[PDB]
*Asks:* 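Below you will find the structure I want to go over with you.
Computation of the quantities below employed the complete heavy-atom set of this structure, encompassing side-chain atoms and omitting hydrogens, waters and symmetry-equivalent molecules. Convention: sequence-line order gives letters A, B, ...; per-chain numbering from 1.
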Amino acid sequence: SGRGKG
Amino acid sequence: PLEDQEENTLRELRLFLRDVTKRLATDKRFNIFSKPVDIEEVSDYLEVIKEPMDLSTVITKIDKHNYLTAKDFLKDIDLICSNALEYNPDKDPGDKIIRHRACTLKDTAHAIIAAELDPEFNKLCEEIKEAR
């Protein structure tokens, strides 16, 4: 998974 | 005319898929899936996700004649949902919302196809796709 979008 | 049957069938399919995709893309729940993920705002998106997909690209692929069956189209909807579950971690509430929404998008799309397309018409689409 990546860092996310938050 | 019988010679126009293949083209007439696929045109009908594309019209249906374009309507379905518009219904999904205008649903407020799925707005985040309506355009490609911004690879400059989410700078690690392409590092994680090998095949981006989104609803605006699905429309283009309809018009490019990439889909010969509803199942072909559902593969790309499934990819959109699969990408969201692979990319987004399960850390913060915003992450959870996106991940949930991705699954809702998938379920909604599969339910529309199952409800609104005649299984017999699908066999015709498969027969056409099997002749190419």
*Asks:* Relative to chain A, which segment of B:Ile49 carries a heavy atom at a distance below 4.5 Å: side chain, backbone, both, or neither?
*Replies:* neither
*Asks:* Same cluster for B:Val48 and B:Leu46 if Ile/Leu/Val/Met/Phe/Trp/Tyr side chains link at under 4.5 Å?
*Replies:* yes
*Asks:* At a cut-off of 3.5 Å, what donor and acceptor atoms pair up between chain A and chain B?
*Replies:*
| residue | atom | partner | partner atom | Å |
| --- | --- | --- | --- | --- |
| A:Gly2 | N | B:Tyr87 | O | 2.8 |
| A:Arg3 | N | B:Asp44 | OD2 | 2.8 |
| A:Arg3 | NH2 | B:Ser43 | OG | 3.0 |
| A:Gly4 | N | B:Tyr87 | OH | 3.1 |
| A:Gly4 | O | B:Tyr87 | OH | 3.2 |

*Asks:* Check each atom of B:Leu85 against the heavy atoms of chain A and say whether the ones under 4.5 Å are side chain, backbone, both or neither.
*Replies:*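 For B:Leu85, there is no contact with chain A at all, as no heavy atom is under 4.5 Å.
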